[PDB]
Amino acid sequence: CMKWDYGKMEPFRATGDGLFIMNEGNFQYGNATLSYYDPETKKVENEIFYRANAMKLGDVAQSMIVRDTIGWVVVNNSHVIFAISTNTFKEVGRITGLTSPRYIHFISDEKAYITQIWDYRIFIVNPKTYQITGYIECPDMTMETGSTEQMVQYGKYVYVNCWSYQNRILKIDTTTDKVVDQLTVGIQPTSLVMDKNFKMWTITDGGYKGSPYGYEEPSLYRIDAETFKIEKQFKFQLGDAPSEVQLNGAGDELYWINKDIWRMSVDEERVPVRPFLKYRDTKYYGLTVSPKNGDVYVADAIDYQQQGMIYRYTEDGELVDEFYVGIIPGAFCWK
Amino acid sequence: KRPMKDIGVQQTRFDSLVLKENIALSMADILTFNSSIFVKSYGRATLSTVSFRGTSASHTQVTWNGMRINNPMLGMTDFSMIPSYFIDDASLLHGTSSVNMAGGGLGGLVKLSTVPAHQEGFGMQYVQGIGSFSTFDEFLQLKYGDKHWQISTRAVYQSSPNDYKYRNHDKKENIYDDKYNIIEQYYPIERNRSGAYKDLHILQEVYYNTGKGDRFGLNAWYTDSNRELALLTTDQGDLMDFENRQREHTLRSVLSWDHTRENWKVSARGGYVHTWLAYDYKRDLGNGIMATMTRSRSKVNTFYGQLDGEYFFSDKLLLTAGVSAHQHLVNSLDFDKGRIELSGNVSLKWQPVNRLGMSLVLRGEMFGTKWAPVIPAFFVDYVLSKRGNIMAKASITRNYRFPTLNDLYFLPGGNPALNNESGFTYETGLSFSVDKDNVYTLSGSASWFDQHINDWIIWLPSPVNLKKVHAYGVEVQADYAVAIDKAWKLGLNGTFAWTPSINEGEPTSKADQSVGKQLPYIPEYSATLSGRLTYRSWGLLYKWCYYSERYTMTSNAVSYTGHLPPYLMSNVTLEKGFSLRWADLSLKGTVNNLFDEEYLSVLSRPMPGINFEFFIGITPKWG
Ligand code: CNC
C-alpha cells in the first residue's frame, strides 16, 4: 500500500555514424525524450538521455547541434540547453536561465547566439563559462509576440527569421552585435536555410484561419546572400502548411513536407509536378536527409499522443526501414 | 418505500456528515474519497477533472440549484473551486439517470443544491483552520429565522504559499569546480514554486414560506480566486521573476418559486451568472520593468429560466413535464457570440402492481439553431424478494451531447459544421438491505453498464469527430454500521468500479497501436473505503482511495518517462468536542498522506509528503 519512483543509470557505448531524433513530447507533461538510431545495424535506442543519466530531459525538446563530440540539446519549455557527449550520452553541462529558447548557433568557440519565443532579445552565451554575456534587441519587436527561430551565417553576418506573429527576417553583424538591416516576407516564415551558391531559402506559413495577421497564401522565397532583394517567390495555394525546407548534405537540393514530400533542386525553376513521395495517408511532421548516402528519413507523429514512426527511404524512393521513437519526433541531427 | 420519482434510478447520495466533515475540502476531495469517480487533480487548490464511467470531463454535467454550471466555452467544471461547506446537498446521477434532468450527460450528472435551514432566532458559527506549509482556512456562518423568513450568510477564505519541500527524482543538480566540470550530482530537495493561492467565497440565502403552499427563495454566490500555476518537476534553474496567475470573478444567482397543492405542483425558477477570467504571464527583466508575455481576458454572461410541472392521477400513476432555457452570451475579448439552449421533457411513471414499476422519459433539445433527435429513456424496477429487499433494476436510452462553444467558435480552428456525439446505454443491477433490530445495517448494490460512444469530438491537427469509444464495466458499493457496545459505533462505506474504456475507431494511419486500448488518464480499477469510529465525544475517521494505473499514451506502451504507478492514499482525522457555557468547542486534527509517500499522481507534478492540519470550531449558545 505504498508508492515510489527512483532511477538507475546505464553505460551506453554508442559508436558509428548514428542519427539523433529529438522527440518533442507533449506540452506541460515533461515527457520529452531523445532517441538514437544506427543506420548500419538498423538498431534504435529510445530514451537515451534518461537511461544514461537517470533524469528526465525536460519539456518540448526543439533542436540539437553537434560540435565535435559534444551535442547541445535545446529544451524549449524548460529554459535549458543541455550539453551531452555524443559517445556516451553523459551530461557535460547545461545552460540555464533562458526564456523559452528555440535554437542555438555558434559563431565562435567563445560566443554563441540563442533565440527565444515570447521575447524581443537574442541571448549571447559563452559555451565555456556557461553564462549569458549580453542580449541583441530586434527592432520593432514586442514582448507580446516576439519570435526568432533559425540562424544561418554568411561571412560576418548572421541571418535569422521571425516566425511567430512576424513577417520579417533580420541581418545581424557579429562584430558589433547589432541588427543592421531588415527584409519583409509573407506571414510567419518558418525555417531558413542556405544553399551551395549562397541563396537563402525561406518558406512562409499560412496562418491557420483566425490569427490576428489573418491568412495568406503560403509561399517560398529565394533571398540572395550579398544583396537581399527577393529574387523569386513561389505560390503554394491555400489550405496547406508547408515547412522544414532543409537541404541535403551537398547543399544543392530542397526538401519540404507540404503534404506530398517534395524534392526541388537549387538554381532551377518553378516547382516540379512529380512529388518525391506522393501520398500514402500519413501525417508527415518532419524529415531529414543523410549527408553520407542520401537516404531520406520522414517522421510520422500519428496522433501526437503516442510513439511516432520514422520511415527510411533511399534517394530513389524505396522503403528500407521503419522504427519507433518517442512522442512527436520533431528534429534530426547527425552524430 | 422508494418515491415514484426514484423508480429504476441508479444514484448515490452524499449525506450531511460527509459534506460537513472539514472546511478545507472542495468537491474534488469529496468525490475522490467518497465515490468510485476518477478525479484528475495534482494537489490542493488546482485544476480537477472528473472522468465519470470511463468518459471525459465534457460528458459530466453539473447543476447548482437547477442551473448548469459547466463553463460554456470549455464544457467542463473545475471541481476544486466549490467548497464543500457551501453545498448542503449533493447527488450523483449515473448514466441513464442523467436524462431525468439534463441533456448531454453521457457520463452522468452531479446535482448540487442548498437546503433551507430550520433555525429559530439568531445563531452563528466560526471555524478556523491552521496547518502545515503556512496554510490558513476560515469559515463564518450567520443565520436567522422566524418561521416565515430564513436568512443565511457564509464566507470562506483560504490562502497558502504552497512551498512544501519534496525530494526531486526527475532532476539532478551538478556541483562544479574552478574550471566548470561536474564532480558530483545529487537529487535536490526543492520546494513547490509559483503555487501560492488566495480564494474568497461568499454565499447569501433568503427564503420565505407562506405556509399556504407557496415557497420563495433566492441564492447569491460570489467567488474571488487568485491562484498561481505551479512549476513542473523538470524545470531548470533558480527561475525567479516568473509569475503565473488565474484570477476568476464569478457570481451565481437563482430565484425559485414553488407552488404546491393536493396532487399537483408547479415550480418556476430563474437565474443569472457572470464570469470574468484573467490569465497573466509576465517576466521581470532589467531592473524594475516587468514585461508581459501572455495576457488573456474573457467575460461570460448567462441567463437561465425553467418551469416544471407534476401531476398525480393517483398514487400509482404520475406525469411530469418541464422546460428549460439557457442563453450563454459570451464576449471573450482577445470572439463575441453565444448560443441559446432549449430543453423540454415529458415523463410517465406507472406502478401497475406492488412489485413492478415502469417509467418512460422523452426529451428534446435545440442548441442555438440545430435541433437534436428525441432522447428516449425507459426505466423498469422489480422487487425479487421483500425479505431482504432484493430489488432488480434496468434502463436504456439514446443520449446526445452538443459540441462546446470553443469546438464551434474559436480563433485558431473554429469549424462551425460539427456534429454532436451520440451514446446508446443500457444498465442492470441489484440492491439489498438487511436492517436488523438496532444491531447492524448492511446495504449495497451491484450494477452492470454497457455504453457506446459515437462521434466523439477530439482535436488533432480542430474538431475531427470520429473516436468511437466502448465504455462498460461493473459498479459496486456497500454501507455498514454496527454498534459493538453501548458506546462504540463503527461505520464502513466502500465503493468499487471496474471501468474499461476501449476505443473501437478505425486505425488512423498504419502504425496506430491504439485500437482496443485503454483511454489515457482513465484507470481501469478504482476503490474507496471510509471508516468512522465514535466513542462518546471522541471521533476517528479513516479515508482510503485506490486508483489503478493511468496511462499517458493512447498505445499504452511501457515508457520510463511516462509511467504513473497505481495511486493509494490514506487520510486520518481525530476530532474531540467540548461543551462550554457560552459556546461549543470542536477540536479536530487532520493528517493527510499518513504513510509519507514520495509519489507522482499527474506526470511531472510534485506533490507533498506528510502534512498536518488543525481546526477550531466555536458555536455560541444563547437563551
Ligand atoms: C499544430 C499545433 C501545435 N502546436 Co502550437 C504550433 N505550432 N499550435 C498548433 C496549431 C493548431 C492547434 C491550435 N489551434 O492551437 C497552431 C499553429 C494554430 C497552434 C498555435 C500555436 N502554437 C504556437 C507555438 C509556438 C507552439 N505550439 C506547440 C504547442 C505545437 C504543438 C507541439 C507540441 N509539442 O505539443 C503542436 C504541433 C501540436 C499540439 C497538439 O495538437 N497536440 C495534441 C493534443 C493532445 O494536445 P493538446 O494539449 O490537447 O492541444 C492543445 C494545445 O497544445 C494547444 N496549444 C498549441 N500551442 C499552444 C500555445 C499555448 C501558449 C497554449 C496555452 C496552448 C497551445 O493547442 C491545442 C488546442 O487547445 C509548440 C510546443 C511547438 C513548438 N515547439 O514551437 C509551441 C509552444 C512553444 C512555447 N514554448 O510556447 C504558437 C505561438 C504559433 C502561432 N503563432 O501560431 C500558437 C500559440 C496560440 C496562441 N494563443 O497564440
# chains A, B, ... in the order shown; residues from 1 in each chain; ligands from 1

$ residues_near_ligand --ligand "ligand 1" --cutoff "6 Å" --atoms "only C-alpha atoms and all ligand atoms" --output "list in words"
residues 24, 25, 26, 27, 60, 62, 76, 77, 100, 164, 165, 208, 304 and 305 of chain A; 412, 413, 460 and 461 of chain B

$ write_last_selection --atoms "N, CA and C atoms" --output "mmCIF file, in the first residue's frame"
data_model
loop_
_atom_site.group_PDB
_atom_site.id
_atom_site.type_symbol
_atom_site.label_atom_id
_atom_site.label_comp_id
_atom_site.auth_asym_id
_atom_site.auth_seq_id
_atom_site.Cartn_x
_atom_site.Cartn_y
_atom_site.Cartn_z
ATOM 1 N N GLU A 24 9.750 15.765 -29.300
ATOM 2 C CA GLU A 24 9.268 16.927 -28.562
ATOM 3 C C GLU A 24 8.442 16.524 -27.352
ATOM 4 N N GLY A 25 7.629 15.488 -27.479
ATOM 5 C CA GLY A 25 6.733 15.146 -26.403
ATOM 6 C C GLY A 25 5.569 16.119 -26.365
ATOM 7 N N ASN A 26 4.690 15.898 -25.396
ATOM 8 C CA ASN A 26 3.527 16.752 -25.253
ATOM 9 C C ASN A 26 3.888 18.006 -24.462
ATOM 10 N N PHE A 27 2.871 18.785 -24.115
ATOM 11 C CA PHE A 27 3.049 20.145 -23.635
ATOM 12 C C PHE A 27 2.494 20.224 -22.217
ATOM 13 N N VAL A 60 9.252 19.709 -24.285
ATOM 14 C CA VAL A 60 9.304 20.246 -25.643
ATOM 15 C C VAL A 60 10.744 20.460 -26.089
ATOM 16 N N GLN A 62 13.460 20.912 -28.823
ATOM 17 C CA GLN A 62 13.270 21.602 -30.091
ATOM 18 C C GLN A 62 14.312 21.226 -31.136
ATOM 19 N N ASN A 76 12.802 23.710 -24.997
ATOM 20 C CA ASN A 76 12.066 24.967 -25.073
ATOM 21 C C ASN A 76 11.387 25.295 -23.749
ATOM 22 N N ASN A 77 10.495 24.424 -23.293
ATOM 23 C CA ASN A 77 9.655 24.715 -22.140
ATOM 24 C C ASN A 77 10.346 24.460 -20.807
ATOM 25 N N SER A 100 12.411 30.379 -22.772
ATOM 26 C CA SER A 100 11.909 29.537 -23.853
ATOM 27 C C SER A 100 12.798 29.638 -25.087
ATOM 28 N N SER A 164 6.826 33.448 -35.300
ATOM 29 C CA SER A 164 5.528 33.537 -34.644
ATOM 30 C C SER A 164 5.038 34.978 -34.631
ATOM 31 N N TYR A 165 3.902 35.216 -35.287
ATOM 32 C CA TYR A 165 3.297 36.543 -35.371
ATOM 33 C C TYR A 165 4.286 37.569 -35.912
ATOM 34 N N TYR A 208 -3.462 29.598 -40.375
ATOM 35 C CA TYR A 208 -4.386 28.783 -39.582
ATOM 36 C C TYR A 208 -5.602 29.607 -39.145
ATOM 37 N N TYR A 304 -0.076 12.422 -32.228
ATOM 38 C CA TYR A 304 0.568 13.382 -31.338
ATOM 39 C C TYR A 304 0.531 12.969 -29.872
ATOM 40 N N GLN A 305 -0.006 11.792 -29.569
ATOM 41 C CA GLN A 305 -0.030 11.316 -28.191
ATOM 42 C C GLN A 305 0.305 9.832 -28.127
ATOM 43 N N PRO B 412 -8.018 30.070 -33.530
ATOM 44 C CA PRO B 412 -7.253 29.173 -34.426
ATOM 45 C C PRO B 412 -7.857 27.770 -34.529
ATOM 46 N N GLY B 413 -8.882 27.650 -35.367
ATOM 47 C CA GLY B 413 -9.613 26.407 -35.516
ATOM 48 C C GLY B 413 -11.023 26.539 -34.985
ATOM 49 N N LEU B 460 -7.214 17.247 -33.223
ATOM 50 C CA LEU B 460 -5.939 16.741 -33.683
ATOM 51 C C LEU B 460 -5.655 17.400 -35.029
ATOM 52 N N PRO B 461 -4.466 17.987 -35.211
ATOM 53 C CA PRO B 461 -4.050 18.611 -36.470
ATOM 54 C C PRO B 461 -4.084 17.645 -37.651
#

$ select_by_dssp --residues "stretch 76-213 of chain A" --states "strand (DSSP E)" --output "PyMOL selection string"
chain A and resi 80-85+91-96+101-108+111-116+121-125+132-137+151-154+157-162+168-173+178-184+189-194+200-204

$ closest_atom_pairs --of "chain A" --to "chain B" --cutoff "8 Å" --atoms "only C-alpha atoms" --output "Markdown table"
| residue | atom | partner | partner_atom | distance |
| --- | --- | --- | --- | --- |
| A:1 | CA | B:568 | CA | 6.3 |
| A:2 | CA | B:597 | CA | 6.5 |
| A:3 | CA | B:599 | CA | 5.8 |
| A:4 | CA | B:599 | CA | 5.6 |
| A:5 | CA | B:599 | CA | 6.8 |
| A:6 | CA | B:169 | CA | 6.1 |
| A:7 | CA | B:169 | CA | 7.3 |
| A:28 | CA | B:232 | CA | 7.5 |
| A:29 | CA | B:603 | CA | 5.9 |
| A:30 | CA | B:604 | CA | 5.9 |
| A:31 | CA | B:561 | CA | 5.6 |
| A:33 | CA | B:561 | CA | 7.9 |
| A:47 | CA | B:560 | CA | 7.6 |
| A:50 | CA | B:561 | CA | 7.8 |
| A:54 | CA | B:170 | CA | 7.6 |
| A:55 | CA | B:170 | CA | 4.8 |
| A:56 | CA | B:170 | CA | 5.4 |
| A:57 | CA | B:234 | CA | 7.5 |
| A:58 | CA | B:234 | CA | 5.2 |
| A:59 | CA | B:234 | CA | 7.3 |
| A:77 | CA | B:235 | CA | 7.9 |
| A:78 | CA | B:235 | CA | 4.9 |
| A:79 | CA | B:236 | CA | 6.3 |
| A:80 | CA | B:236 | CA | 6.2 |
| A:92 | CA | B:182 | CA | 7.1 |
| A:93 | CA | B:182 | CA | 7.3 |
| A:96 | CA | B:237 | CA | 5.6 |
| A:97 | CA | B:237 | CA | 6.0 |
| A:118 | CA | B:293 | CA | 5.7 |
| A:119 | CA | B:293 | CA | 7.5 |
| A:128 | CA | B:180 | CA | 7.7 |
| A:129 | CA | B:180 | CA | 7.0 |
| A:143 | CA | B:293 | CA | 5.7 |
| A:144 | CA | B:293 | CA | 4.7 |
| A:145 | CA | B:293 | CA | 7.5 |
| A:208 | CA | B:412 | CA | 5.9 |
| A:209 | CA | B:412 | CA | 6.0 |
| A:210 | CA | B:411 | CA | 4.6 |
| A:211 | CA | B:412 | CA | 6.2 |
| A:281 | CA | B:509 | CA | 6.2 |
| A:282 | CA | B:509 | CA | 5.6 |
| A:283 | CA | B:509 | CA | 7.7 |
| A:302 | CA | B:509 | CA | 6.6 |
| A:303 | CA | B:460 | CA | 6.8 |
| A:304 | CA | B:460 | CA | 7.7 |
| A:305 | CA | B:553 | CA | 5.7 |
| A:306 | CA | B:553 | CA | 5.2 |
| A:307 | CA | B:555 | CA | 7.7 |
| A:309 | CA | B:511 | CA | 7.3 |

$ closest_residue --among "A:314, A:126, A:15, A:23" --to "residue A:43" --atoms "only C-alpha atoms"
A:15

$ residues_around --residues "residue B:118" --least-positions-apart "4" --cutoff "9 Å" --atoms "only C-alpha atoms" --output "PDB file with N, CA and C atoms, in the first residue's frame"
ATOM      1  N   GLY B 145     -33.937  33.062  11.553  1.00  0.00           N
ATOM      2  CA  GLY B 145     -35.218  32.551  11.103  1.00  0.00           C
ATOM      3  C   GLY B 145     -36.361  32.838  12.055  1.00  0.00           C
ATOM      4  N   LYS B 147     -39.864  31.549  11.309  1.00  0.00           N
ATOM      5  CA  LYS B 147     -40.994  30.703  10.927  1.00  0.00           C
ATOM      6  C   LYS B 147     -41.625  31.151   9.608  1.00  0.00           C
ATOM      7  N   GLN B 150     -35.963  32.932   6.434  1.00  0.00           N
ATOM      8  CA  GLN B 150     -34.766  32.134   6.681  1.00  0.00           C
ATOM      9  C   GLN B 150     -33.614  32.801   5.947  1.00  0.00           C
TER      10      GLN B 150
END

$ residues_around --residues "residue B:140" --least-positions-apart "6" --cutoff "6 Å" --atoms "only C-alpha atoms" --output "PyMOL selection string"
chain B and resi 125-126+154-155

$ write_last_selection --atoms "C-alpha atoms" --output "CSV table (one decimal), in the first residue's frame"
chain,number,residue,atom,x,y,z
B,125,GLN,CA,-20.6,29.7,13.8
B,126,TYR,CA,-16.9,30.3,13.2
B,154,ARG,CA,-21.5,32.2,4.7
B,155,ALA,CA,-17.9,33.2,3.9

$ residues_around --residues "stretch 22-27 of chain B" --least-positions-apart "6" --cutoff "9 Å" --atoms "only C-alpha atoms" --output "NGL selection string"
:B and (44-45 or 79-85 or 87 or 127-129 or 137-139 or 156 or 158 or 615)

$ closest_residue --among "B:372, B:476, B:124, B:330" --to "residue B:142" --atoms "only C-alpha atoms"
B:124

$ residues_around --residues "residue A:310" --least-positions-apart "3" --cutoff "9 Å" --atoms "only C-alpha atoms" --output "list in words"
residues 287, 297, 298, 299, 300, 301, 321, 322, 323, 324, 325 and 329 of chain A

$ write_last_selection --atoms "N, CA, C and O atoms" --output "mmCIF file, in the first residue's frame"
data_model
loop_
_atom_site.group_PDB
_atom_site.id
_atom_site.type_symbol
_atom_site.label_atom_id
_atom_site.label_comp_id
_atom_site.auth_asym_id
_atom_site.auth_seq_id
_atom_site.Cartn_x
_atom_site.Cartn_y
_atom_site.Cartn_z
ATOM 1 N N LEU A 287 11.339 15.768 -41.496
ATOM 2 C CA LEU A 287 12.179 14.910 -42.317
ATOM 3 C C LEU A 287 13.622 15.382 -42.240
ATOM 4 O O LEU A 287 13.914 16.483 -41.767
ATOM 5 N N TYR A 297 14.821 10.328 -44.373
ATOM 6 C CA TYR A 297 14.053 9.893 -43.217
ATOM 7 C C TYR A 297 12.882 10.844 -43.029
ATOM 8 O O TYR A 297 13.075 12.061 -42.995
ATOM 9 N N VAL A 298 11.677 10.295 -42.906
ATOM 10 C CA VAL A 298 10.474 11.083 -42.667
ATOM 11 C C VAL A 298 9.837 10.615 -41.366
ATOM 12 O O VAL A 298 9.833 9.418 -41.061
ATOM 13 N N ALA A 299 9.320 11.562 -40.592
ATOM 14 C CA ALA A 299 8.778 11.283 -39.272
ATOM 15 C C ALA A 299 7.258 11.359 -39.284
ATOM 16 O O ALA A 299 6.670 12.329 -39.765
ATOM 17 N N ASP A 300 6.627 10.325 -38.735
ATOM 18 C CA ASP A 300 5.170 10.246 -38.662
ATOM 19 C C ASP A 300 4.764 10.330 -37.198
ATOM 20 O O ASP A 300 5.140 9.467 -36.401
ATOM 21 N N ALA A 301 3.997 11.359 -36.848
ATOM 22 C CA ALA A 301 3.582 11.595 -35.472
ATOM 23 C C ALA A 301 2.254 10.936 -35.124
ATOM 24 O O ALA A 301 1.840 10.996 -33.962
ATOM 25 N N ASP A 321 13.390 0.793 -44.051
ATOM 26 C CA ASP A 321 13.287 0.567 -42.618
ATOM 27 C C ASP A 321 12.175 1.428 -42.044
ATOM 28 O O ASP A 321 11.730 2.398 -42.660
ATOM 29 N N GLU A 322 11.739 1.055 -40.843
ATOM 30 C CA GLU A 322 10.749 1.816 -40.095
ATOM 31 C C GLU A 322 10.840 1.403 -38.634
ATOM 32 O O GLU A 322 10.943 0.211 -38.331
ATOM 33 N N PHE A 323 10.823 2.385 -37.735
ATOM 34 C CA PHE A 323 11.112 2.124 -36.334
ATOM 35 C C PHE A 323 10.441 3.169 -35.454
ATOM 36 O O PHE A 323 10.099 4.264 -35.902
ATOM 37 N N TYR A 324 10.276 2.814 -34.184
ATOM 38 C CA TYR A 324 9.525 3.608 -33.223
ATOM 39 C C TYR A 324 10.445 4.454 -32.354
ATOM 40 O O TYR A 324 11.543 4.036 -31.981
ATOM 41 N N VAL A 325 9.974 5.656 -32.028
ATOM 42 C CA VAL A 325 10.694 6.600 -31.181
ATOM 43 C C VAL A 325 9.719 7.201 -30.182
ATOM 44 O O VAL A 325 8.583 6.735 -30.050
ATOM 45 N N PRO A 329 8.205 12.999 -32.885
ATOM 46 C CA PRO A 329 9.585 13.243 -33.330
ATOM 47 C C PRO A 329 9.676 14.545 -34.108
ATOM 48 O O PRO A 329 9.061 14.704 -35.164
#

$ residues_around --residues "residue B:313" --least-positions-apart "3" --cutoff "12 Å" --atoms "only C-alpha atoms" --output "PyMOL selection string"
chain B and resi 262-264+310+316-320+348-351

$ closest_residue --among "B:402, B:480, B:544, B:216" --to "residue B:436" --atoms "only C-alpha atoms"
B:480

$ atom_distance --atom1 "atom CA of residue A:214" --atom2 "atom CA of residue A:236"
16.7 Å

$ decode --residues "stretch 135-181 of chain B" --atoms "C-alpha atoms" --output "mmCIF file, in the first residue's frame"
data_model
loop_
_atom_site.group_PDB
_atom_site.id
_atom_site.type_symbol
_atom_site.label_atom_id
_atom_site.label_comp_id
_atom_site.auth_asym_id
_atom_site.auth_seq_id
_atom_site.Cartn_x
_atom_site.Cartn_y
_atom_site.Cartn_z
ATOM 1 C CA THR B 135 -1.969 27.402 5.022
ATOM 2 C CA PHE B 136 -4.898 29.232 6.610
ATOM 3 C CA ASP B 137 -8.614 28.443 6.378
ATOM 4 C CA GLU B 138 -11.531 30.406 7.824
ATOM 5 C CA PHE B 139 -15.290 29.871 7.657
ATOM 6 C CA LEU B 140 -18.011 32.102 9.109
ATOM 7 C CA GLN B 141 -21.729 31.282 9.279
ATOM 8 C CA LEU B 142 -24.571 33.693 10.061
ATOM 9 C CA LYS B 143 -28.236 32.726 10.072
ATOM 10 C CA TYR B 144 -31.657 33.837 11.290
ATOM 11 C CA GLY B 145 -35.218 32.551 11.103
ATOM 12 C CA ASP B 146 -38.716 33.439 12.338
ATOM 13 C CA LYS B 147 -40.994 30.703 10.927
ATOM 14 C CA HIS B 148 -41.535 32.685 7.718
ATOM 15 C CA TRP B 149 -38.061 34.015 6.935
ATOM 16 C CA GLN B 150 -34.766 32.134 6.681
ATOM 17 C CA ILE B 151 -31.700 34.324 6.095
ATOM 18 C CA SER B 152 -28.215 32.806 5.964
ATOM 19 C CA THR B 153 -24.743 34.075 5.082
ATOM 20 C CA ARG B 154 -21.465 32.183 4.663
ATOM 21 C CA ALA B 155 -17.871 33.174 3.935
ATOM 22 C CA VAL B 156 -14.821 31.016 3.195
ATOM 23 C CA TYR B 157 -11.252 32.293 2.865
ATOM 24 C CA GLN B 158 -8.293 30.060 2.003
ATOM 25 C CA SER B 159 -4.681 31.111 1.440
ATOM 26 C CA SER B 160 -1.273 29.427 1.304
ATOM 27 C CA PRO B 161 2.157 29.865 -0.299
ATOM 28 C CA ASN B 162 2.461 26.177 -1.303
ATOM 29 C CA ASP B 163 6.172 25.929 -0.564
ATOM 30 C CA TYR B 164 6.287 22.315 0.590
ATOM 31 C CA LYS B 165 9.616 20.508 0.363
ATOM 32 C CA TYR B 166 9.809 17.455 -1.886
ATOM 33 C CA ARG B 167 12.681 15.240 -2.995
ATOM 34 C CA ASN B 168 13.137 15.612 -6.750
ATOM 35 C CA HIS B 169 13.822 12.372 -8.639
ATOM 36 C CA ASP B 170 13.459 13.892 -12.130
ATOM 37 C CA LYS B 171 16.306 16.423 -11.932
ATOM 38 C CA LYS B 172 19.939 16.349 -10.797
ATOM 39 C CA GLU B 173 21.881 19.403 -9.669
ATOM 40 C CA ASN B 174 25.577 19.223 -10.504
ATOM 41 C CA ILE B 175 28.442 20.535 -8.371
ATOM 42 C CA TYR B 176 31.058 22.412 -10.373
ATOM 43 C CA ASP B 177 34.663 23.424 -9.722
ATOM 44 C CA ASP B 178 37.141 26.172 -10.597
ATOM 45 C CA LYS B 179 37.130 25.072 -14.262
ATOM 46 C CA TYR B 180 33.433 24.182 -14.804
ATOM 47 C CA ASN B 181 33.376 20.385 -14.653
#
